[PDB]
file model.txt (compact mmCIF, N, CA, C and O atoms)
# COMPACT_ATOMS: atom_id res chain seq x y z
N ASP M 160 -15.49 -15.73 23.98
CA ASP M 160 -15.99 -14.40 24.27
C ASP M 160 -14.94 -13.34 24.04
O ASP M 160 -13.75 -13.59 24.20
N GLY M 161 -15.39 -12.14 23.68
CA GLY M 161 -14.47 -11.03 23.50
C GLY M 161 -14.59 -10.34 22.16
O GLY M 161 -15.09 -10.90 21.19
N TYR M 162 -14.12 -9.09 22.14
CA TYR M 162 -14.12 -8.28 20.94
C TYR M 162 -13.29 -8.94 19.90
O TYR M 162 -12.13 -9.28 20.14
N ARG M 163 -13.89 -9.15 18.74
CA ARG M 163 -13.22 -9.84 17.66
C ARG M 163 -12.63 -11.17 18.10
O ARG M 163 -11.58 -11.56 17.60
N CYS M 164 -13.28 -11.86 19.03
CA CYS M 164 -12.74 -13.14 19.40
C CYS M 164 -12.84 -14.06 18.23
O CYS M 164 -13.88 -14.16 17.58
N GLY M 165 -11.75 -14.74 17.95
CA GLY M 165 -11.69 -15.61 16.81
C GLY M 165 -10.81 -14.94 15.78
O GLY M 165 -10.68 -13.72 15.76
N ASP M 166 -10.19 -15.74 14.94
CA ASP M 166 -9.27 -15.25 13.93
C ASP M 166 -8.12 -14.53 14.60
O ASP M 166 -7.72 -13.44 14.19
N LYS M 167 -7.58 -15.15 15.65
CA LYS M 167 -6.48 -14.59 16.40
C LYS M 167 -5.19 -14.75 15.66
O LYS M 167 -5.11 -15.50 14.69
N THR M 168 -4.19 -13.98 16.07
CA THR M 168 -2.89 -14.02 15.43
C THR M 168 -2.33 -15.41 15.23
O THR M 168 -2.66 -16.35 15.95
N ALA M 169 -1.43 -15.51 14.28
CA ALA M 169 -0.82 -16.79 13.98
C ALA M 169 0.65 -16.63 13.64
O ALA M 169 1.11 -15.53 13.31
N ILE M 170 1.38 -17.73 13.75
CA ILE M 170 2.80 -17.74 13.52
C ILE M 170 3.13 -18.27 12.15
O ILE M 170 2.66 -19.33 11.76
N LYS M 171 3.95 -17.56 11.41
CA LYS M 171 4.32 -18.04 10.10
C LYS M 171 5.83 -18.02 9.89
O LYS M 171 6.52 -17.12 10.35
N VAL M 172 6.35 -19.03 9.21
CA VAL M 172 7.78 -19.06 8.95
C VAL M 172 8.05 -19.29 7.49
O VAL M 172 7.41 -20.13 6.85
N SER M 173 9.03 -18.56 6.96
CA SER M 173 9.40 -18.64 5.56
C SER M 173 10.89 -18.75 5.38
O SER M 173 11.60 -18.95 6.36
N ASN M 174 11.36 -18.63 4.13
CA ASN M 174 12.79 -18.74 3.76
C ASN M 174 13.59 -19.65 4.67
O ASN M 174 14.73 -19.35 5.03
N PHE M 175 13.00 -20.76 5.08
CA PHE M 175 13.57 -21.49 6.16
C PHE M 175 14.53 -22.56 5.76
O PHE M 175 14.21 -23.74 5.84
N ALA M 176 15.71 -22.13 5.33
CA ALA M 176 16.78 -23.05 4.99
C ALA M 176 18.09 -22.29 4.87
O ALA M 176 18.10 -21.15 4.42
N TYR M 177 19.18 -22.93 5.26
CA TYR M 177 20.45 -22.25 5.12
C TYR M 177 21.66 -23.16 5.19
O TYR M 177 21.99 -23.69 6.25
N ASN M 178 22.36 -23.28 4.07
CA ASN M 178 23.58 -24.07 3.97
C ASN M 178 24.79 -23.30 4.53
O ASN M 178 25.69 -22.93 3.78
N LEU M 179 24.79 -23.09 5.84
CA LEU M 179 25.86 -22.37 6.52
C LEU M 179 27.09 -23.21 6.74
O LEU M 179 27.01 -24.37 7.12
N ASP M 180 28.24 -22.62 6.51
CA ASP M 180 29.49 -23.28 6.81
C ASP M 180 30.23 -22.58 7.94
O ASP M 180 31.03 -21.69 7.67
N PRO M 181 30.02 -22.97 9.22
CA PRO M 181 30.66 -22.45 10.42
C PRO M 181 32.08 -22.97 10.70
O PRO M 181 32.52 -22.93 11.85
N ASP M 182 32.78 -23.47 9.68
CA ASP M 182 34.18 -23.89 9.74
C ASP M 182 34.51 -25.17 10.52
O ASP M 182 35.21 -26.04 10.00
N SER M 183 34.06 -25.28 11.75
CA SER M 183 34.39 -26.46 12.55
C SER M 183 33.70 -27.71 12.07
O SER M 183 32.47 -27.78 12.06
N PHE M 184 34.48 -28.73 11.73
CA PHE M 184 33.92 -30.01 11.29
C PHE M 184 34.83 -31.13 11.73
O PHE M 184 35.96 -30.89 12.14
N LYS M 185 34.33 -32.36 11.68
CA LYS M 185 35.11 -33.48 12.16
C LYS M 185 35.58 -34.43 11.08
O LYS M 185 34.91 -34.63 10.06
N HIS M 186 36.72 -35.03 11.35
CA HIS M 186 37.36 -36.00 10.48
C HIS M 186 37.23 -37.38 11.06
O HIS M 186 37.87 -37.67 12.08
N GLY M 187 36.42 -38.24 10.47
CA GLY M 187 36.30 -39.58 11.01
C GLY M 187 37.51 -40.43 10.64
O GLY M 187 38.46 -39.95 10.02
N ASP M 188 37.46 -41.70 11.02
CA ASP M 188 38.54 -42.62 10.71
C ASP M 188 38.66 -42.80 9.22
O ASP M 188 37.65 -42.87 8.52
N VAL M 189 39.88 -42.90 8.72
CA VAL M 189 40.05 -42.99 7.28
C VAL M 189 40.56 -44.32 6.84
O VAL M 189 41.02 -45.13 7.64
N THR M 190 40.50 -44.52 5.54
CA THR M 190 40.98 -45.77 4.96
C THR M 190 41.79 -45.51 3.73
O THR M 190 41.54 -44.56 2.99
N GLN M 191 42.77 -46.37 3.51
CA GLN M 191 43.69 -46.25 2.39
C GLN M 191 43.27 -47.11 1.22
O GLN M 191 42.94 -48.28 1.38
N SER M 192 43.28 -46.52 0.03
CA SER M 192 42.92 -47.23 -1.19
C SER M 192 44.10 -48.02 -1.73
O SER M 192 45.22 -47.90 -1.24
N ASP M 193 43.84 -48.82 -2.75
CA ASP M 193 44.88 -49.64 -3.35
C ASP M 193 45.95 -48.80 -4.03
O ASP M 193 45.66 -47.80 -4.69
N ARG M 194 47.19 -49.23 -3.87
CA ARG M 194 48.31 -48.55 -4.47
C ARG M 194 48.40 -48.87 -5.94
O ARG M 194 48.25 -50.03 -6.34
N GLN M 195 48.71 -47.87 -6.76
CA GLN M 195 48.87 -48.14 -8.18
C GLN M 195 49.96 -47.28 -8.76
O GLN M 195 50.24 -46.19 -8.28
N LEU M 196 50.58 -47.77 -9.81
CA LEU M 196 51.68 -47.05 -10.40
C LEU M 196 51.32 -45.94 -11.35
O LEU M 196 50.37 -46.02 -12.12
N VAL M 197 52.16 -44.93 -11.30
CA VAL M 197 52.12 -43.81 -12.20
C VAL M 197 53.40 -43.93 -13.00
O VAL M 197 54.00 -44.99 -13.00
N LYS M 198 53.78 -42.89 -13.72
CA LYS M 198 54.97 -42.95 -14.56
C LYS M 198 56.21 -43.45 -13.83
O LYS M 198 56.52 -42.98 -12.74
N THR M 199 56.92 -44.39 -14.46
CA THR M 199 58.13 -44.98 -13.88
C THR M 199 59.28 -44.93 -14.86
O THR M 199 59.09 -44.65 -16.04
N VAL M 200 60.48 -45.21 -14.37
CA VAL M 200 61.63 -45.17 -15.24
C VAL M 200 62.71 -46.14 -14.85
O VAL M 200 62.99 -46.34 -13.67
N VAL M 201 63.31 -46.75 -15.86
CA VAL M 201 64.40 -47.69 -15.64
C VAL M 201 65.58 -47.33 -16.50
O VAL M 201 65.46 -46.57 -17.44
N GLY M 202 66.74 -47.88 -16.19
CA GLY M 202 67.85 -47.57 -17.05
C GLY M 202 69.13 -48.26 -16.70
O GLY M 202 69.21 -49.04 -15.75
N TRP M 203 70.15 -47.97 -17.48
CA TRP M 203 71.44 -48.57 -17.24
C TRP M 203 72.53 -47.57 -17.08
O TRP M 203 72.61 -46.57 -17.79
N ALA M 204 73.40 -47.87 -16.14
CA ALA M 204 74.57 -47.06 -15.89
C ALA M 204 75.75 -47.92 -16.22
O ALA M 204 75.99 -48.95 -15.60
N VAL M 205 76.48 -47.52 -17.25
CA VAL M 205 77.58 -48.35 -17.70
C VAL M 205 78.77 -47.52 -18.06
O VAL M 205 78.64 -46.45 -18.65
N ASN M 206 79.94 -48.01 -17.71
CA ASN M 206 81.12 -47.26 -18.07
C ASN M 206 81.99 -47.97 -19.11
O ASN M 206 81.52 -48.25 -20.21
N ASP M 207 83.22 -48.34 -18.77
CA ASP M 207 84.05 -49.04 -19.73
C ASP M 207 85.18 -49.77 -19.01
O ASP M 207 85.38 -49.57 -17.81
N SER M 208 85.96 -50.56 -19.75
CA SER M 208 87.06 -51.38 -19.21
C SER M 208 87.95 -50.68 -18.19
O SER M 208 88.32 -51.27 -17.18
N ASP M 209 88.33 -49.44 -18.47
CA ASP M 209 89.17 -48.69 -17.53
C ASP M 209 88.53 -47.37 -17.20
O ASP M 209 88.94 -46.33 -17.72
N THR M 210 87.53 -47.40 -16.33
CA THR M 210 86.79 -46.21 -15.97
C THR M 210 86.40 -46.11 -14.51
O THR M 210 85.20 -46.05 -14.25
N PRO M 211 87.34 -46.33 -13.58
CA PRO M 211 87.16 -46.08 -12.12
C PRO M 211 85.86 -45.38 -11.73
O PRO M 211 85.45 -44.39 -12.35
N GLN M 212 85.28 -45.82 -10.64
CA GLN M 212 84.02 -45.28 -10.14
C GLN M 212 84.09 -43.87 -9.50
O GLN M 212 85.09 -43.22 -9.79
N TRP N 54 -34.92 -4.33 16.90
CA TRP N 54 -33.47 -4.36 17.13
C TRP N 54 -32.95 -3.31 18.12
O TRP N 54 -33.46 -2.19 18.23
N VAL N 55 -31.88 -3.68 18.83
CA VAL N 55 -31.18 -2.84 19.81
C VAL N 55 -29.68 -2.76 19.58
O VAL N 55 -28.99 -3.77 19.46
N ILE N 56 -29.17 -1.54 19.54
CA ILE N 56 -27.75 -1.30 19.36
C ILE N 56 -27.04 -1.43 20.68
O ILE N 56 -27.44 -0.81 21.66
N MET N 57 -26.00 -2.24 20.72
CA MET N 57 -25.26 -2.34 21.96
C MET N 57 -23.98 -1.51 21.86
O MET N 57 -23.42 -1.34 20.78
N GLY N 58 -23.54 -0.98 23.00
CA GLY N 58 -22.35 -0.15 23.04
C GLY N 58 -21.06 -0.97 23.08
O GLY N 58 -21.07 -2.19 22.91
N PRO N 59 -19.94 -0.28 23.33
CA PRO N 59 -18.55 -0.73 23.45
C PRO N 59 -18.37 -1.92 24.37
O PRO N 59 -17.58 -2.82 24.09
N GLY N 60 -19.14 -1.95 25.46
CA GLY N 60 -19.08 -3.04 26.43
C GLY N 60 -19.57 -4.37 25.87
O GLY N 60 -19.31 -5.42 26.45
N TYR N 61 -20.26 -4.32 24.74
CA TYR N 61 -20.77 -5.50 24.09
C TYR N 61 -20.06 -5.70 22.76
O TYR N 61 -20.58 -6.37 21.86
N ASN N 62 -18.91 -5.06 22.61
CA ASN N 62 -18.11 -5.12 21.40
C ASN N 62 -18.81 -4.49 20.19
O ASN N 62 -18.48 -4.82 19.05
N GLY N 63 -19.78 -3.59 20.43
CA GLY N 63 -20.45 -2.88 19.35
C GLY N 63 -21.50 -3.68 18.56
O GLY N 63 -21.96 -3.21 17.52
N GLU N 64 -21.86 -4.87 19.03
CA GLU N 64 -22.85 -5.67 18.31
C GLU N 64 -24.26 -5.07 18.35
O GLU N 64 -24.59 -4.30 19.24
N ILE N 65 -25.08 -5.42 17.36
CA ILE N 65 -26.48 -5.00 17.32
C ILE N 65 -27.34 -6.26 17.30
O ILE N 65 -27.17 -7.12 16.44
N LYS N 66 -28.23 -6.40 18.28
CA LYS N 66 -29.03 -7.61 18.44
C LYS N 66 -30.52 -7.36 18.43
O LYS N 66 -30.94 -6.23 18.64
N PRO N 67 -31.34 -8.38 18.17
CA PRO N 67 -32.78 -8.36 18.22
C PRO N 67 -33.25 -8.07 19.65
O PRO N 67 -32.60 -8.46 20.62
N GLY N 68 -34.40 -7.42 19.76
CA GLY N 68 -34.99 -7.10 21.05
C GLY N 68 -35.47 -5.65 21.07
O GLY N 68 -35.36 -4.96 20.06
N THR N 69 -36.01 -5.20 22.20
CA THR N 69 -36.46 -3.82 22.29
C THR N 69 -35.94 -3.13 23.55
O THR N 69 -35.65 -3.79 24.55
N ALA N 70 -35.85 -1.81 23.50
CA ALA N 70 -35.42 -1.00 24.63
C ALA N 70 -36.41 0.15 24.83
O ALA N 70 -37.58 0.03 24.49
N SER N 71 -35.92 1.29 25.33
CA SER N 71 -36.76 2.47 25.50
C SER N 71 -36.08 3.73 24.98
O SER N 71 -36.64 4.83 25.05
N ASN N 72 -34.88 3.56 24.43
CA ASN N 72 -34.08 4.65 23.91
C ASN N 72 -34.09 4.59 22.40
O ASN N 72 -33.13 4.11 21.80
N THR N 73 -35.17 5.00 21.77
CA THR N 73 -35.25 4.83 20.34
C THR N 73 -34.54 5.91 19.52
O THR N 73 -34.72 7.11 19.75
N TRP N 74 -33.73 5.46 18.56
CA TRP N 74 -33.09 6.37 17.61
C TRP N 74 -34.04 6.67 16.48
O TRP N 74 -34.59 5.75 15.86
N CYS N 75 -34.22 7.95 16.22
CA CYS N 75 -35.10 8.38 15.17
C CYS N 75 -34.42 9.40 14.24
O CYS N 75 -33.34 9.92 14.54
N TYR N 76 -35.06 9.68 13.11
CA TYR N 76 -34.50 10.55 12.08
C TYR N 76 -35.61 11.37 11.43
O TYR N 76 -36.52 10.79 10.83
N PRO N 77 -35.54 12.71 11.49
CA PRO N 77 -36.54 13.71 11.03
C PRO N 77 -37.19 13.57 9.64
O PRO N 77 -37.97 14.44 9.27
N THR N 78 -36.88 12.52 8.88
CA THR N 78 -37.42 12.27 7.54
C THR N 78 -37.62 13.50 6.67
O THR N 78 -38.62 13.63 5.97
N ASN N 79 -36.64 14.40 6.70
CA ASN N 79 -36.66 15.58 5.87
C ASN N 79 -35.29 15.76 5.23
O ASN N 79 -34.28 15.53 5.90
N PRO N 80 -35.24 16.11 3.95
CA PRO N 80 -34.04 16.41 3.20
C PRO N 80 -33.30 17.55 3.85
O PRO N 80 -33.92 18.48 4.38
N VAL N 81 -31.98 17.50 3.80
CA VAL N 81 -31.17 18.55 4.40
C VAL N 81 -30.12 19.06 3.44
O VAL N 81 -29.78 18.39 2.46
N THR N 82 -29.60 20.24 3.73
CA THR N 82 -28.56 20.85 2.92
C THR N 82 -27.25 20.11 3.04
O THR N 82 -26.35 20.53 3.76
N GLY N 83 -27.13 19.01 2.31
CA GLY N 83 -25.92 18.19 2.33
C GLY N 83 -24.76 18.72 1.46
O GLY N 83 -24.02 17.93 0.88
N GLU N 84 -24.62 20.03 1.34
CA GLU N 84 -23.54 20.61 0.57
C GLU N 84 -23.24 22.00 1.05
O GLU N 84 -24.02 22.59 1.80
N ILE N 85 -22.12 22.54 0.62
CA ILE N 85 -21.78 23.89 1.00
C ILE N 85 -22.63 24.85 0.17
O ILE N 85 -22.63 24.76 -1.05
N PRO N 86 -23.36 25.76 0.84
CA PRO N 86 -24.26 26.78 0.31
C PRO N 86 -23.67 27.70 -0.73
O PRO N 86 -22.46 27.92 -0.77
N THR N 87 -24.57 28.23 -1.55
CA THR N 87 -24.30 29.17 -2.63
C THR N 87 -23.11 30.06 -2.44
O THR N 87 -23.06 30.91 -1.54
N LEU N 88 -22.17 29.92 -3.34
CA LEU N 88 -20.95 30.69 -3.31
C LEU N 88 -21.14 32.04 -3.98
O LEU N 88 -20.66 32.26 -5.09
N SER N 89 -21.86 32.93 -3.28
CA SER N 89 -22.26 34.26 -3.73
C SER N 89 -21.46 34.85 -4.90
O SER N 89 -21.98 34.91 -6.01
N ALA N 90 -20.22 35.29 -4.63
CA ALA N 90 -19.29 35.88 -5.62
C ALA N 90 -18.23 36.74 -4.94
O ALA N 90 -18.42 37.23 -3.83
N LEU N 91 -17.12 36.97 -5.64
CA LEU N 91 -16.09 37.89 -5.16
C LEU N 91 -15.59 38.80 -6.27
O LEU N 91 -15.02 38.35 -7.26
N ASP N 92 -15.80 40.09 -6.08
CA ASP N 92 -15.41 41.11 -7.04
C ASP N 92 -14.02 41.69 -6.82
O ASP N 92 -13.84 42.58 -6.00
N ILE N 93 -13.04 41.20 -7.57
CA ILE N 93 -11.69 41.74 -7.50
C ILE N 93 -11.43 42.67 -8.67
O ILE N 93 -11.70 42.30 -9.81
N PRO N 94 -10.90 43.88 -8.44
CA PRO N 94 -10.59 44.91 -9.42
C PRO N 94 -9.42 44.48 -10.28
O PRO N 94 -8.55 43.73 -9.84
N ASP N 95 -9.41 44.97 -11.51
CA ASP N 95 -8.40 44.61 -12.49
C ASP N 95 -7.02 45.10 -12.12
O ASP N 95 -6.86 46.20 -11.59
N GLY N 96 -6.02 44.29 -12.44
CA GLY N 96 -4.63 44.67 -12.16
C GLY N 96 -3.66 43.60 -12.62
O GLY N 96 -4.08 42.56 -13.13
N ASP N 97 -2.37 43.85 -12.46
CA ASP N 97 -1.35 42.90 -12.88
C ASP N 97 -1.49 41.63 -12.10
O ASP N 97 -1.76 41.66 -10.91
N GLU N 98 -1.27 40.51 -12.77
CA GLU N 98 -1.42 39.20 -12.14
C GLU N 98 -0.95 39.08 -10.69
O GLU N 98 -1.68 38.55 -9.85
N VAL N 99 0.24 39.56 -10.38
CA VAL N 99 0.74 39.46 -9.02
C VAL N 99 0.10 40.48 -8.11
O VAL N 99 0.01 40.27 -6.90
N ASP N 100 -0.36 41.58 -8.69
CA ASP N 100 -1.04 42.63 -7.97
C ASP N 100 -2.38 42.06 -7.52
O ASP N 100 -2.84 42.31 -6.41
N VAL N 101 -2.98 41.27 -8.41
CA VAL N 101 -4.21 40.58 -8.13
C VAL N 101 -4.02 39.60 -7.00
O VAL N 101 -4.83 39.55 -6.08
N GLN N 102 -2.92 38.85 -7.06
CA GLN N 102 -2.62 37.91 -6.01
C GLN N 102 -2.56 38.61 -4.67
O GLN N 102 -3.12 38.11 -3.70
N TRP N 103 -1.94 39.79 -4.63
CA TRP N 103 -1.87 40.53 -3.40
C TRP N 103 -3.23 40.88 -2.85
O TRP N 103 -3.46 40.73 -1.65
N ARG N 104 -4.13 41.35 -3.71
CA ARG N 104 -5.44 41.73 -3.22
C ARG N 104 -6.20 40.57 -2.68
O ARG N 104 -6.91 40.71 -1.69
N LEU N 105 -6.04 39.40 -3.28
CA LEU N 105 -6.71 38.25 -2.74
C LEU N 105 -6.15 37.92 -1.38
O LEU N 105 -6.89 37.77 -0.41
N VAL N 106 -4.83 37.83 -1.32
CA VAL N 106 -4.14 37.47 -0.10
C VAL N 106 -4.43 38.39 1.06
O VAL N 106 -4.58 37.93 2.19
call {"tool": "encode", "arguments": {"input": "model.txt", "output": "structure tokens"}}
result
Amino acid sequence: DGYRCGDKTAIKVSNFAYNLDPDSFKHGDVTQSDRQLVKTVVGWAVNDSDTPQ
Amino acid sequence: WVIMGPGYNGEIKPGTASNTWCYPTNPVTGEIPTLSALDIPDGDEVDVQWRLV
């Protein structure tokens, strides 16, 4: 019953998404990967018969 | 048919009453009547404006 009863207001939502970055975040437990070599170097240090260290 | 007022949300329903709406079934002057005329004397354009005003 009532004036214009029926077709009453309704709720609508749009643009409903947001990739917000509020700065605070957590660091869980970590794990270490396998060690591997990068550039390396070898060599010789040599003097002579009479060349004090 | 019977016209209901504001208290009934303005609806019009079948039935009879005792307050009948009627209409004189005669054509009426549905326009603004004959625009007789206006005699303005000759003069400079702005002088004419003054006389009208």
call {"tool": "closest_atom_pairs", "arguments": {"input": "model.txt", "of": "chain N", "to": "chain M", "cutoff": "8 Å", "atoms": "only N, CA, C and O atoms", "output": "CSV"}}
result
residue,atom,partner,partner_atom,distance
N:59,O,M:162,CA,7.2
N:60,O,M:162,N,7.7
N:61,C,M:162,CA,6.7
N:62,CA,M:162,CA,5.1
N:63,N,M:162,CA,7.4
call {"tool": "select_by_dssp", "arguments": {"input": "model.txt", "residues": "chain N", "states": "strand (DSSP E)", "output": "ChimeraX atom specification"}}
result
/N:55-56,65-66
call {"tool": "atom_distance", "arguments": {"input": "model.txt", "atom1": "atom C of residue 191 of chain M", "atom2": "atom O of residue 179 of chain M"}}
result
28.6 Å
call {"tool": "atom_distance", "arguments": {"input": "model.txt", "atom1": "atom N of residue 75 of chain N", "atom2": "atom C of residue 58 of chain N"}}
result
17.3 Å
call {"tool": "atom_distance", "arguments": {"input": "model.txt", "atom1": "atom O of residue 79 of chain N", "atom2": "atom O of residue 67 of chain N"}}
result
28.2 Å
call {"tool": "select_by_dssp", "arguments": {"input": "model.txt", "residues": "segment 58-99 of chain N", "states": "helix (DSSP H, G or I)", "output": "VMD selection string"}}
result
chain N and resid 59 to 61 98 to 99
call {"tool": "residues_around", "arguments": {"input": "model.txt", "residues": "residue 68 of chain N", "least_positions_apart": "6", "cutoff": "8 Å", "atoms": "only N, CA, C and O atoms", "output": "MDAnalysis selection string"}}
result
chainID N and resid 54:56
call {"tool": "closest_residue", "arguments": {"input": "model.txt", "among": "N:81, N:86, N:91, N:65", "to": "residue 104 of chain N", "atoms": "only C-alpha atoms"}}
result
N:91
call {"tool": "decode", "arguments": {"input": "model.txt", "residues": "segment 168-188 of chain M", "atoms": "N, CA and C atoms", "output": "JSON list (two decimals), in the first residue's frame"}}
result
[["chain", "number", "residue", "atom", "x", "y", "z"],
["M", 168, "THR", "N", 13.49, 2.67, -4.19],
["M", 168, "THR", "CA", 14.91, 2.88, -4.41],
["M", 168, "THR", "C", 15.76, 1.64, -4.29],
["M", 169, "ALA", "N", 16.92, 1.70, -4.91],
["M", 169, "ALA", "CA", 17.83, 0.57, -4.89],
["M", 169, "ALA", "C", 19.26, 1.03, -4.78],
["M", 170, "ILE", "N", 20.11, 0.11, -4.35],
["M", 170, "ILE", "CA", 21.52, 0.39, -4.13],
["M", 170, "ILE", "C", 22.36, -0.10, -5.28],
["M", 171, "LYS", "N", 23.22, 0.75, -5.79],
["M", 171, "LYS", "CA", 24.07, 0.32, -6.88],
["M", 171, "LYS", "C", 25.54, 0.65, -6.61],
["M", 172, "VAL", "N", 26.43, -0.24, -7.01],
["M", 172, "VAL", "CA", 27.84, 0.02, -6.82],
["M", 172, "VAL", "C", 28.60, -0.19, -8.10],
["M", 173, "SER", "N", 29.54, 0.72, -8.36],
["M", 173, "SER", "CA", 30.35, 0.68, -9.57],
["M", 173, "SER", "C", 31.81, 0.88, -9.27],
["M", 174, "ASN", "N", 32.62, 1.06, -10.32],
["M", 174, "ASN", "CA", 34.09, 1.24, -10.23],
["M", 174, "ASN", "C", 34.72, 0.54, -9.03],
["M", 175, "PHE", "N", 34.25, -0.65, -8.73],
["M", 175, "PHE", "CA", 34.57, -1.22, -7.46],
["M", 175, "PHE", "C", 35.80, -2.07, -7.45],
["M", 176, "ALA", "N", 36.94, -1.42, -7.53],
["M", 176, "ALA", "CA", 38.22, -2.10, -7.45],
["M", 176, "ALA", "C", 39.33, -1.09, -7.23],
["M", 177, "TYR", "N", 40.34, -1.47, -6.46],
["M", 177, "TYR", "CA", 41.43, -0.54, -6.27],
["M", 177, "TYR", "C", 42.70, -1.17, -5.75],
["M", 178, "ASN", "N", 43.74, -1.18, -6.59],
["M", 178, "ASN", "CA", 45.06, -1.70, -6.23],
["M", 178, "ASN", "C", 45.85, -0.68, -5.41],
["M", 179, "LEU", "N", 45.39, -0.43, -4.18],
["M", 179, "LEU", "CA", 46.04, 0.51, -3.27],
["M", 179, "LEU", "C", 47.27, -0.04, -2.61],
["M", 180, "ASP", "N", 48.30, 0.77, -2.54],
["M", 180, "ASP", "CA", 49.49, 0.39, -1.81],
["M", 180, "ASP", "C", 49.69, 1.26, -0.57],
["M", 181, "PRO", "N", 49.15, 0.87, 0.61],
["M", 181, "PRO", "CA", 49.27, 1.55, 1.90],
["M", 181, "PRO", "C", 50.60, 1.34, 2.65],
["M", 182, "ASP", "N", 51.66, 0.98, 1.94],
["M", 182, "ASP", "CA", 53.03, 0.86, 2.46],
["M", 182, "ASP", "C", 53.33, -0.30, 3.42],
["M", 183, "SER", "N", 52.54, -0.48, 4.46],
["M", 183, "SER", "CA", 52.81, -1.53, 5.43],
["M", 183, "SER", "C", 52.56, -2.92, 4.87],
["M", 184, "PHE", "N", 53.59, -3.76, 4.89],
["M", 184, "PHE", "CA", 53.45, -5.13, 4.41],
["M", 184, "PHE", "C", 54.37, -6.03, 5.21],
["M", 185, "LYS", "N", 54.16, -7.34, 5.13],
["M", 185, "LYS", "CA", 54.94, -8.25, 5.93],
["M", 185, "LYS", "C", 55.90, -9.11, 5.12],
["M", 186, "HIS", "N", 57.00, -9.46, 5.79],
["M", 186, "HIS", "CA", 58.05, -10.29, 5.25],
["M", 186, "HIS", "C", 58.01, -11.65, 5.89],
["M", 187, "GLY", "N", 57.61, -12.68, 5.15],
["M", 187, "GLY", "CA", 57.58, -14.00, 5.76],
["M", 187, "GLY", "C", 58.98, -14.59, 5.86],
["M", 188, "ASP", "N", 59.06, -15.83, 6.31],
["M", 188, "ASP", "CA", 60.34, -16.51, 6.44],
["M", 188, "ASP", "C", 60.95, -16.70, 5.07]]
